[PDB]
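Chain order of the listed sequences is K, H and J.
All residue numbers for the first sequence refer to the authors' numbering, where the first residue is 313 and numbers rise by one.
All residue numbers for the second sequence refer to the authors' numbering, where the first residue is 250 and numbers rise by one.
All residue numbers for the third sequence refer to the authors' numbering, where the first residue is 148 and numbers rise by one.
Step one of this worksheet: look at the structure below.
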Amino acid sequence: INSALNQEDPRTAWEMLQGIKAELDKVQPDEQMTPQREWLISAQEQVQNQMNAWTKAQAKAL
Amino acid sequence: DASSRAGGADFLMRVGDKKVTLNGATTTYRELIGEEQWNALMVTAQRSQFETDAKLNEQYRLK
Amino acid sequence: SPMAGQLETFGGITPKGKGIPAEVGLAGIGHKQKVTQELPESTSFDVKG
């Protein structure tokens, strides 16, 4: 999860997080909230913040 | 049981205003339970949907 | 595709959930460009005597 949060492109980080969620679905095969799904929700929120900061730089360069 | 299921908040909110006779006294289901106990039950029923369903929590938090 | 339904249910938060494409999770997040193609115009010193 931490390596997926240290990517330069947020679009790659999002897909990496989706892959990690798919991996986790095989060890927690139910619907309740666990402290490990909170990890992934927080990671996705952080990736959204990173996308905001990334669009700053892209717009400035353009 | 109803506090731990989706849609149980609506059921409990509707049933709190209905009558029951126990020990020779006729009360409502909200009066039979305590006032603070009823408020705690309401909070549990409203918040349990986001603990027994990670999909809802993820959807709302991402929104 | 025969696997169009298996790909959408890949990466969900729960095994009954659906994965979120980046075009939807990151949708709406962006910044406008402050520079436009509205150029300044020059005027000629035209005196017809």
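For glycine and all other residues, C-beta sits at the position ideal for the given N, C-alpha and C.
Chain H contact residues for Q356/K, given Cβ-Cβ distances below 9 Å:
Per Cβ cutoff of 9 Å: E307, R310, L311.
Measure the Cβ-Cβ separation of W326/K and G172/J and say whether it is below 8 Å.
Contact flag set, yes.
Counterpart residues of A274/H in DSSP-defined beta bridges:
As computed with DSSP, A274/H is found in a beta bridge with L271/H.
Near-chain K residues of the segment 151 to 173 of chain J (beta-carbon distance less than 9 Å), N- to C-terminal order:
Hits within the stretch, in order: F157, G158, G159, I160, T161, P162, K163, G164, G166, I167, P168, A169, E170, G172, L173.
According to the Cβ coordinates, are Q348/K and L317/K closer than 8 Å?
No. Outside cutoff.
Residue nearest to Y309/H in terms of C-alpha spacing, selected from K368/K, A373/K, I353/K:
Measuring from the Cα of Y309/H, the nearest candidate turns out to be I353/K.
Ends of the alpha helix (DSSP H) at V292/H?
Per DSSP, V292/H belongs to the alpha helix (DSSP H) from 284 to 296.
Quick one: which chain J residues come within Cβ less than 7 Å of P322/K?
Residues of chain J passing the Cβ test: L173.
Beta-carbon neighbours of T270/H, restricted to chain K and to distances below 7 Å
Correct list: empty, because the minimum Cβ distance to chain K is about 38 Å.
Own chain residues within Cβ distance below 6 Å of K267/H, not counting five before or after:
Excluding residues within five positions, the ones whose Cβ falls inside 6 Å are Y278.
Same chain only: Cβ atoms within 8 Å of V269/H, ignoring 5 sequence neighbours per side
Closer than 8 Å at Cβ, skipping near neighbours: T275, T276, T277, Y278, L281.
Check whether the Cβ atoms of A303/H and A258/H lie closer than 8 Å to each other.
No; because the gap between Cβ atoms is not below 8 Å, this pair is not in contact.
Taking contact to mean 3 or more Cβ pairs, one atom from each stretch, closer than 8 Å, check whether the segment 154 to 162 of chain J and the segment 174 to 181 of chain J are in contact.
Contact between the segment 154 to 162 of chain J and the segment 174 to 181 of chain J is not established, with fewer than three Cβ pairs separated by less than 8 Å.
So, does the CB of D302/H fall closer than 8 Å to a CB anywhere in chain K?
For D302/H, the answer is yes, since a Cβ of chain K falls inside 8 Å of its Cβ.
Limits of the alpha helix (DSSP H) - the one that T183/J falls within
In the DSSP assignment, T183/J falls outside any alpha helix (DSSP H) and carries neither an H nor an E.
Give me the Cβ distance between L305/H and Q298/H, rounded to the nearest whole Å; I'm assuming they're in contact under 8 Å.
Contact holds; Cβ gap of about 6 Å.
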